[PDB]
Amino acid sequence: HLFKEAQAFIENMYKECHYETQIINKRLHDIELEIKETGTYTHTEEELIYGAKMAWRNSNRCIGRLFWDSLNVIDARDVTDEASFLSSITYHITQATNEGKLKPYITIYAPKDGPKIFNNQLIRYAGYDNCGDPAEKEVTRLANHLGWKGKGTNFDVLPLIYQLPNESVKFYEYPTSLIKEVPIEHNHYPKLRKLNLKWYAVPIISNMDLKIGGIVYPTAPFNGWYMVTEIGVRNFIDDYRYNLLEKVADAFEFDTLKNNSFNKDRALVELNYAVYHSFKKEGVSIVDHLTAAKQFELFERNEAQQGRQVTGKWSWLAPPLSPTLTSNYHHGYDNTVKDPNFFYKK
């Protein structure tokens, strides 16, 4: 079964790379071998780089796949000592941030006996009883249990929580200078700044499994740049998250929030307008929900031109703001999940 998934991957990659049937066979030969010698096989560095790009390209729930081939992949399968591991994490965050103009990065670690990461994202705000991000409560209790103690504000950057093989779980705090943050303000509603809201620049998912032709990489944090509604609608407004609708509505001076007023709806638009332009002011990359969809159309065009069909999960590709104003809203998608890809941990 392993060789079967492996074969599938090699064929697709090489066919897409216009490789002579000849070498394809040689490669399958080499693989079939070490699968017997070992139990699994090892991807060439070209396959690892191409496999991760393909995984992003098959990520059905991703609206930003237009830039899939832009991924900067880092082979860290050899990282086994604490110093180099930590060094690789900070390097990723530093190179991804790129002084504001974010760059797609993925740091792939060893598929077996490798560094384990417990964070949902390399960068997240703690979640406490009376403040913080409710979604990060679990990971925050773990941090505290380990000995970590944050300032206790609404935006305490959680530390990297990791564990090397044959060692206990540890946590590492990033120097604040490493994490770029964006104060949120509205150039038409002075009172918004008074709420002291802000968000980090780079979203680095570190709790998913990367699968390339049979091999499963349990640790391979990756990042892109935000799309307004992620911060302005879900992070800040979801009732199970920061749930700031009321405080923000006040900053916008809406005397009421009765459903009849449609102020709840106006507050959402304004908040995303503030988030977007606050990021723009800090020189940090961000894309608005509608532009993000236009870029997605191009992705679809670029794929059809390469003879590939487009898969996707409708409910995710559609933004939580003026969804009908996006092309993808008006038709369905084939949610078929292909390999390579990213999956949730069991």
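One rule holds for the numbers: they count along the sequence shown, beginning at 1.
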Higher avg CA temperature factor (320 to 328 vs 8 to 16, as deposited) belongs to 8 to 16
The stretch whose C-alpha atoms carry the larger average B-factor in the entry, 264 to 272 or 159 to 167, is 159 to 167
In this crystal structure's PDB entry, the residue among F296, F279, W314, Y41 with the greatest CA B factor is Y41
Of the residues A55, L66, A304, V287, the one whose Cα carries the largest B-factor in the deposited record is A304
Tertile call for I215 (CA temperature factor, within chain, third-based) is the highest
Entry-reported C-alpha B-factor of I74 relative to its chain, by third, is middle
On the chain's distribution of Cα B-factors, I35 falls within the third called highest
Quick tally, chain-level thirds of C-alpha B-factors: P111 sits in the highest
Assert third(CA B-factor, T94) within chain per record equals middle
